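Report on the structure given below.
Read the figures in this text as sums done on the coordinates, not as results from a lab. FYI the Cβ positions are ideal-geometry reconstructions off the backbone, even for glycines, and counts take in every protein chain you see.
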Amino acid sequence: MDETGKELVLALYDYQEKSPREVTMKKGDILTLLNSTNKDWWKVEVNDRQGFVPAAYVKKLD
């Protein structure tokens, strides 16, 4: 079930991938948290791609 991540994050803002290293998340989407090395950006898996998104556009569900 929650095999890729036990803690998931909610996308609060429609974020368009500016580069292939970024991921496109829609407002209301549920993203899987992989790595949170920085407070600026978190590494999340969106659909198929893993990438970094700004933590100010997402909120944890906990």
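With charges only on Cβ, +1 for K and R and -1 for D and E, what is the dipole size of the chain about its Cα centre, in debye, rounded to 20?
In total the dipole reaches around 220 debye.
Mean projection of the alpha-carbon convex hull of the chain over all orientations, in nm²?
Numbers: hull surface 15.9 nm².
In nm², the orientation-averaged hull projection of the chain is 4.0.
Using only alpha carbon pairs under 8 Å that are at least six residues apart, calculate the relative contact order of the chain and give it in whole percent.
Relative CO of the chain lands at 35 percent.
Taking trypsin sites (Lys or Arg not before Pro) as exposed when DSSP calls them loop (any state but H, G, I, E, B) and at most 15 other Cβ atoms lie within 10 Å, what is the longest stretch of the chain free of them, the sites themselves excluded?
After excluding every exposed loop site, the longest remaining stretch is 40-62.
Straight-line reach from residue 26: which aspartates and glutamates fall under 12 Å, measuring Cα to Cα and dropping same-chain residues less than 8 apart?
Those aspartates and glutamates meeting the cut-off are 14, 17.
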